[PDB]
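**Q** Structure supplied as query.pdb; contents: PDB, C-alpha atoms and all ligand atoms.
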```pdb
ATOM      1  CA  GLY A1077     104.192  75.967 100.333  1.00  0.00           C
ATOM      2  CA  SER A1078     107.340  78.090 100.115  1.00  0.00           C
ATOM      3  CA  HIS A1079     106.304  81.660  99.291  1.00  0.00           C
ATOM      4  CA  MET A1080     106.304  85.297 100.432  1.00  0.00           C
ATOM      5  CA  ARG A1081     109.164  85.117 102.957  1.00  0.00           C
ATOM      6  CA  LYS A1082     112.016  82.728 102.190  1.00  0.00           C
ATOM      7  CA  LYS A1083     115.211  84.183 100.734  1.00  0.00           C
ATOM      8  CA  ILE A1084     117.347  86.974 102.128  1.00  0.00           C
ATOM      9  CA  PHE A1085     116.014  89.046  99.317  1.00  0.00           C
ATOM     10  CA  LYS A1086     118.038  91.369  97.202  1.00  0.00           C
ATOM     11  CA  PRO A1087     116.321  93.923  94.992  1.00  0.00           C
ATOM     12  CA  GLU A1088     118.023  92.316  92.010  1.00  0.00           C
ATOM     13  CA  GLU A1089     116.365  88.974  92.722  1.00  0.00           C
ATOM     14  CA  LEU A1090     113.236  90.521  94.084  1.00  0.00           C
ATOM     15  CA  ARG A1091     112.764  92.503  90.870  1.00  0.00           C
ATOM     16  CA  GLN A1092     113.534  89.413  88.778  1.00  0.00           C
ATOM     17  CA  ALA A1093     110.111  88.428  90.109  1.00  0.00           C
ATOM     18  CA  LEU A1094     108.436  91.697  91.222  1.00  0.00           C
ATOM     19  CA  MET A1095     109.243  93.232  87.827  1.00  0.00           C
ATOM     20  CA  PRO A1096     107.227  90.945  85.464  1.00  0.00           C
ATOM     21  CA  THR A1097     104.510  91.185  88.115  1.00  0.00           C
ATOM     22  CA  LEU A1098     104.330  94.971  88.326  1.00  0.00           C
ATOM     23  CA  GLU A1099     104.478  94.577  84.565  1.00  0.00           C
ATOM     24  CA  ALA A1100     101.402  92.356  84.618  1.00  0.00           C
ATOM     25  CA  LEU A1101      99.792  95.266  86.413  1.00  0.00           C
ATOM     26  CA  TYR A1102     100.882  97.736  83.769  1.00  0.00           C
ATOM     27  CA  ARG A1103      99.763  95.523  80.876  1.00  0.00           C
ATOM     28  CA  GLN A1104      96.271  96.306  82.163  1.00  0.00           C
ATOM     29  CA  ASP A1105      96.890  99.770  80.660  1.00  0.00           C
ATOM     30  CA  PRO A1106      93.787 101.576  82.080  1.00  0.00           C
ATOM     31  CA  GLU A1107      93.073  99.135  84.919  1.00  0.00           C
ATOM     32  CA  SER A1108      96.602  99.892  86.162  1.00  0.00           C
ATOM     33  CA  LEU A1109      96.521 103.487  84.938  1.00  0.00           C
ATOM     34  CA  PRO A1110      95.070 105.067  88.194  1.00  0.00           C
ATOM     35  CA  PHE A1111      98.137 103.537  89.786  1.00  0.00           C
ATOM     36  CA  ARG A1112     101.039 103.344  87.340  1.00  0.00           C
ATOM     37  CA  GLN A1113     101.323 107.113  87.219  1.00  0.00           C
ATOM     38  CA  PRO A1114     100.288 109.383  90.132  1.00  0.00           C
ATOM     39  CA  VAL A1115      96.474 109.423  90.222  1.00  0.00           C
ATOM     40  CA  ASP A1116      96.877 113.134  89.519  1.00  0.00           C
ATOM     41  CA  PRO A1117      94.140 114.864  91.553  1.00  0.00           C
ATOM     42  CA  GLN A1118      94.744 117.833  89.264  1.00  0.00           C
ATOM     43  CA  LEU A1119      93.796 115.654  86.311  1.00  0.00           C
ATOM     44  CA  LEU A1120      91.149 113.260  87.673  1.00  0.00           C
ATOM     45  CA  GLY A1121      89.577 116.339  89.227  1.00  0.00           C
ATOM     46  CA  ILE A1122      90.512 115.269  92.707  1.00  0.00           C
ATOM     47  CA  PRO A1123      91.063 117.895  95.431  1.00  0.00           C
ATOM     48  CA  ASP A1124      91.843 115.967  98.618  1.00  0.00           C
ATOM     49  CA  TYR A1125      93.210 112.743  97.115  1.00  0.00           C
ATOM     50  CA  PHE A1126      96.182 112.868  99.490  1.00  0.00           C
ATOM     51  CA  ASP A1127      93.674 113.146 102.326  1.00  0.00           C
ATOM     52  CA  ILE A1128      91.517 110.242 101.375  1.00  0.00           C
ATOM     53  CA  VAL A1129      94.275 107.967 100.281  1.00  0.00           C
ATOM     54  CA  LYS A1130      97.108 107.873 102.790  1.00  0.00           C
ATOM     55  CA  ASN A1131      99.146 105.730 100.446  1.00  0.00           C
ATOM     56  CA  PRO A1132      98.309 105.688  96.769  1.00  0.00           C
ATOM     57  CA  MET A1133     101.618 103.863  96.184  1.00  0.00           C
ATOM     58  CA  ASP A1134     101.725 104.365  92.433  1.00  0.00           C
ATOM     59  CA  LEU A1135     102.831 101.424  90.336  1.00  0.00           C
ATOM     60  CA  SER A1136     105.698 103.741  89.448  1.00  0.00           C
ATOM     61  CA  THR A1137     106.687 104.197  93.080  1.00  0.00           C
ATOM     62  CA  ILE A1138     106.336 100.490  93.733  1.00  0.00           C
ATOM     63  CA  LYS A1139     108.398  99.722  90.628  1.00  0.00           C
ATOM     64  CA  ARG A1140     110.867 102.195  92.160  1.00  0.00           C
ATOM     65  CA  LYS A1141     111.124 100.438  95.541  1.00  0.00           C
ATOM     66  CA  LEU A1142     112.058  97.666  93.135  1.00  0.00           C
ATOM     67  CA  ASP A1143     114.655  99.623  91.179  1.00  0.00           C
ATOM     68  CA  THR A1144     116.191 100.757  94.465  1.00  0.00           C
ATOM     69  CA  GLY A1145     115.214  98.073  96.969  1.00  0.00           C
ATOM     70  CA  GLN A1146     112.929  99.896  99.405  1.00  0.00           C
ATOM     71  CA  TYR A1147     111.307  96.602 100.458  1.00  0.00           C
ATOM     72  CA  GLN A1148     114.177  94.238 101.397  1.00  0.00           C
ATOM     73  CA  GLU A1149     111.571  91.590 100.593  1.00  0.00           C
ATOM     74  CA  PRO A1150     108.968  90.852  97.870  1.00  0.00           C
ATOM     75  CA  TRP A1151     105.828  90.915 100.038  1.00  0.00           C
ATOM     76  CA  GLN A1152     106.847  94.414 101.095  1.00  0.00           C
ATOM     77  CA  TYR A1153     106.606  95.231  97.450  1.00  0.00           C
ATOM     78  CA  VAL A1154     103.280  93.443  97.112  1.00  0.00           C
ATOM     79  CA  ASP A1155     102.238  95.407 100.174  1.00  0.00           C
ATOM     80  CA  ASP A1156     103.016  98.517  98.133  1.00  0.00           C
ATOM     81  CA  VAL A1157     101.065  97.437  95.075  1.00  0.00           C
ATOM     82  CA  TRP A1158      98.329  96.274  97.408  1.00  0.00           C
ATOM     83  CA  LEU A1159      98.861  99.634  99.049  1.00  0.00           C
ATOM     84  CA  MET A1160      98.003 100.880  95.636  1.00  0.00           C
ATOM     85  CA  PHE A1161      94.985  98.641  95.224  1.00  0.00           C
ATOM     86  CA  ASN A1162      94.104 100.224  98.554  1.00  0.00           C
ATOM     87  CA  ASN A1163      93.921 103.847  97.352  1.00  0.00           C
ATOM     88  CA  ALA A1164      91.570 102.234  94.836  1.00  0.00           C
ATOM     89  CA  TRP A1165      89.580 100.348  97.447  1.00  0.00           C
ATOM     90  CA  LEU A1166      89.630 103.211  99.965  1.00  0.00           C
ATOM     91  CA  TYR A1167      88.636 106.050  97.669  1.00  0.00           C
ATOM     92  CA  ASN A1168      86.597 104.368  94.926  1.00  0.00           C
ATOM     93  CA  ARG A1169      84.678 103.035  97.961  1.00  0.00           C
ATOM     94  CA  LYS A1170      84.314  99.738  96.074  1.00  0.00           C
ATOM     95  CA  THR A1171      81.769 101.370  93.753  1.00  0.00           C
ATOM     96  CA  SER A1172      83.663 103.390  91.198  1.00  0.00           C
ATOM     97  CA  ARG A1173      85.773 103.054  88.039  1.00  0.00           C
ATOM     98  CA  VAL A1174      89.343 102.686  89.334  1.00  0.00           C
ATOM     99  CA  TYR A1175      87.830 100.190  91.767  1.00  0.00           C
ATOM    100  CA  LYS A1176      87.303  97.899  88.806  1.00  0.00           C
ATOM    101  CA  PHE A1177      90.690  98.906  87.463  1.00  0.00           C
ATOM    102  CA  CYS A1178      92.317  97.648  90.646  1.00  0.00           C
ATOM    103  CA  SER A1179      90.187  94.604  91.552  1.00  0.00           C
ATOM    104  CA  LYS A1180      91.164  93.337  88.110  1.00  0.00           C
ATOM    105  CA  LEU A1181      94.770  94.201  88.747  1.00  0.00           C
ATOM    106  CA  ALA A1182      94.852  92.459  92.111  1.00  0.00           C
ATOM    107  CA  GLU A1183      93.351  89.601  90.120  1.00  0.00           C
ATOM    108  CA  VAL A1184      96.011  89.512  87.424  1.00  0.00           C
ATOM    109  CA  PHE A1185      98.895  91.142  89.221  1.00  0.00           C
ATOM    110  CA  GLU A1186      98.862  88.643  92.067  1.00  0.00           C
ATOM    111  CA  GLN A1187      97.944  85.900  89.607  1.00  0.00           C
ATOM    112  CA  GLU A1188     101.577  86.493  88.636  1.00  0.00           C
ATOM    113  CA  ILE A1189     103.153  88.049  91.692  1.00  0.00           C
ATOM    114  CA  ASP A1190     102.082  85.140  93.865  1.00  0.00           C
ATOM    115  CA  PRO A1191     104.040  82.394  92.113  1.00  0.00           C
ATOM    116  CA  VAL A1192     106.579  85.179  91.788  1.00  0.00           C
ATOM    117  CA  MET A1193     107.213  85.543  95.465  1.00  0.00           C
ATOM    118  CA  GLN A1194     107.666  81.793  95.230  1.00  0.00           C
ATOM    119  CA  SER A1195     109.702  82.117  92.045  1.00  0.00           C
ATOM    120  CA  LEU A1196     111.822  84.537  93.921  1.00  0.00           C
ATOM    121  CA  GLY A1197     112.153  82.179  96.816  1.00  0.00           C
TER
HETATM  122  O1  LIG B1201      94.063 108.507  82.657  1.00  0.00           O
HETATM  123  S1  LIG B1201      92.611 108.149  82.507  1.00  0.00           S
HETATM  124  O2  LIG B1201      92.481 106.761  81.950  1.00  0.00           O
HETATM  125  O3  LIG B1201      91.982 109.077  81.620  1.00  0.00           O
HETATM  126  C1  LIG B1201      91.832 108.219  84.070  1.00  0.00           C
HETATM  127  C2  LIG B1201      90.480 108.474  84.150  1.00  0.00           C
HETATM  128  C3  LIG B1201      89.870 108.532  85.387  1.00  0.00           C
HETATM  129  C4  LIG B1201      90.602 108.336  86.550  1.00  0.00           C
HETATM  130  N1  LIG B1201      90.016 108.394  87.737  1.00  0.00           N
HETATM  131  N2  LIG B1201      90.681 108.220  88.759  1.00  0.00           N
HETATM  132  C5  LIG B1201      90.092 108.280  89.944  1.00  0.00           C
HETATM  133  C6  LIG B1201      90.817 108.087  91.114  1.00  0.00           C
HETATM  134  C7  LIG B1201      90.203 108.142  92.334  1.00  0.00           C
HETATM  135  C8  LIG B1201      88.850 108.395  92.409  1.00  0.00           C
HETATM  136  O4  LIG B1201      88.237 108.449  93.628  1.00  0.00           O
HETATM  137  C9  LIG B1201      88.109 108.591  91.266  1.00  0.00           C
HETATM  138  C10 LIG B1201      88.730 108.531  90.040  1.00  0.00           C
HETATM  139  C11 LIG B1201      91.959 108.081  86.446  1.00  0.00           C
HETATM  140  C12 LIG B1201      92.575 108.022  85.217  1.00  0.00           C
END
```
Write out the structure in this file as structure tokens.
Ligand SMILES: O=S(=O)(O)c1ccc(/N=N/c2ccc(O)cc2)cc1
**A**
Amino acid sequence: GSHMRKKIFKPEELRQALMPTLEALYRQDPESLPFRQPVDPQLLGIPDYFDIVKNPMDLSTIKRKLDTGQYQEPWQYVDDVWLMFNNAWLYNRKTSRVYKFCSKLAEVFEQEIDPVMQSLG
């Protein structure tokens, strides 16, 4: 149905789409919060966060791959934000707070970043 992979993808176009999307993530203020900014194991009281989560891919880092073009394609970006949802789903072992923060994100985020990948191409 024309989505994900289609155009040659330039970070300027990609972002045109992947920006409002990552934004839809951010608008979830807390729900996106364990992602937007580095989880901050020093803050959340986490010692081995970068041991548990191999790729927390903060919504700031993802937004960066966007500002710089470290994806060459939108789904690579979604892979990052889903890489994020992962640190949520890998650490919060499905039964924690940020787990709900993410699950909701994935819900909204993609609810926008899906037709976005399509919007994009
Ligand atoms: O900025 S806050 O809204 O105050 C806040 C509060 C708690 C948070 N917890 N983050 C976690 C991340 C991983 C984990 O396994 C457990 C917790 C993160 C942010």
**Q** Take the PyMOL selection byres (((chain A and resi 1147-1155) around 6) and not hetatm), run it mentally on this structure, and tell me the resulting residues as an mmCIF file with C-alpha atoms, keeping the file's coordinate frame.
**A**
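Saved file part-v1.cif follows:
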```
data_model
loop_
_atom_site.group_PDB
_atom_site.id
_atom_site.type_symbol
_atom_site.label_atom_id
_atom_site.label_comp_id
_atom_site.auth_asym_id
_atom_site.auth_seq_id
_atom_site.Cartn_x
_atom_site.Cartn_y
_atom_site.Cartn_z
ATOM 1 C CA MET A 1080 106.304 85.297 100.432
ATOM 2 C CA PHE A 1085 116.014 89.046 99.317
ATOM 3 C CA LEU A 1090 113.236 90.521 94.084
ATOM 4 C CA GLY A 1145 115.214 98.073 96.969
ATOM 5 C CA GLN A 1146 112.929 99.896 99.405
ATOM 6 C CA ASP A 1156 103.016 98.517 98.133
ATOM 7 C CA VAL A 1157 101.065 97.437 95.075
ATOM 8 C CA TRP A 1158 98.329 96.274 97.408
ATOM 9 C CA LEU A 1159 98.861 99.634 99.049
#
```
**Q** Once the PyMOL selection byres (((not hetatm)) within 12 of (chain B and resi 1201)) is applied to the coordinates I shared, what remains selected? I want it as a PyMOL selection string.
**A** chain A and resi 1104-1129+1132+1134+1160-1178
**Q** Taking the file as shown, find all residues satisfying the PyMOL selection byres (((chain A and resi 1079) around 7) and not hetatm) and write them as a PyMOL selection string.
**A** chain A and resi 1077-1078+1080-1082+1193-1194+1197
**Q** Can you work out the spacing between atom CA of residue 1103 of chain A and atom CA of residue 1084 of chain A in Å, to one decimal?
**A**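 Computing the Euclidean distance for atom CA of residue 1103 of chain A and atom CA of residue 1084 of chain A yields 28.9 Å.
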**Q** How far is it from atom CA of residue 1192 of chain A to atom CA of residue 1141 of chain A, in Å with one decimal?
**A**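 Spanning atom CA of residue 1192 of chain A to atom CA of residue 1141 of chain A is a straight-line distance of 16.4 Å.
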**Q** List as a PyMOL selection string the protein and nucleic acid residues near residue 1100 of chain A, meaning an atom at most 12 Å away when all atoms listed in the file are counted, but skip any in the same chain fewer than 5 places from it.
**A** chain A and resi 1093-1095+1105+1107-1108+1112+1135+1139+1157+1180-1190+1192
**Q** Quick one: everything within 9 Å of residue 1143 of chain A, counting all atoms listed in the file, minus sequence neighbours fewer than 4 positions away in the same chain. Send it as a PyMOL selection string.
**A** chain A and resi 1087-1088+1091+1138-1139
**Q** If you measure from atom CA of residue 1130 of chain A to atom CA of residue 1196 of chain A, what distance in Å do you get, rounded to one decimal?
**A**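 Pair atom CA of residue 1130 of chain A / atom CA of residue 1196 of chain A returns 29.0 Å.
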